[PDB]
Amino acid sequence: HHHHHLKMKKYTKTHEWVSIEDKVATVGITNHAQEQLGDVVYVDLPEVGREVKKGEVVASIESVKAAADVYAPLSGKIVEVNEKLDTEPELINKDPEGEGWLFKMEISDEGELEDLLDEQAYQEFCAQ
Ligand code: NA
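Under the deposited numbering, think of the first position of the sequence shown as -4, with each following residue one higher.
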């Protein structure tokens, strides 16, 4: 038997998602979020190497009619950004929870994951 990886998807009430693989969290905005924003025209992504705390503003998204800040769902360090979004920010509309992911981070405190919503709780939250 081999050491089990940690794999979960979590959500925030600010309509962000976090896909976790051991210590690496991939973060983006949910389908619900992109629906509210409309056609995305511009993304500002975080800088790789940046140390962030849960709640800090790490990205900005601008659409035709609106704008939203993206908050760090967890504490840790930015390790990768989705550079293709600088040229193709509409991938956020096309596939917000897949291809349109924003950044990946190495997390510092796994206990923070227990503060986020699971998929059932999030789907309920959106429905309500
Ligand atoms: Na879960």
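Beta carbons are placed, not taken as given, at the ideal position from N, Cα and C, and that holds for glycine.
In the DSSP assignment, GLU119 falls within the unbroken alpha helix (DSSP H) covering 114 to 122. The C-beta separation of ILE73 from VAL43 comes to about 5 Å, placing the pair in contact by the 8 Å criterion.
By the CB criterion at 8 Å, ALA54 and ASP34 fall outside the cutoff.
Distance from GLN29 to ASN88 at the Cβ level is roughly 5 Å; contact confirmed, criterion being Cβ atoms closer than 8 Å. For the options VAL13, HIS0, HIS(-4), the alpha carbon positioned closest to that of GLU109 is the one of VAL13. Across the structure, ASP113 and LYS8 are spaced so that their CA atoms are roughly 11 Å apart. For the segment 84 to 118, the continuous beta strand (DSSP E) assignments of 3+ residues that do not extend past its boundaries occur at 98 to 102, in sequence order. DSSP, reduced to helix, strand and coil, places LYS79 within a helical segment of the structure shown. Taking the CA atoms as reference points, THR21 sits about 14 Å from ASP90.
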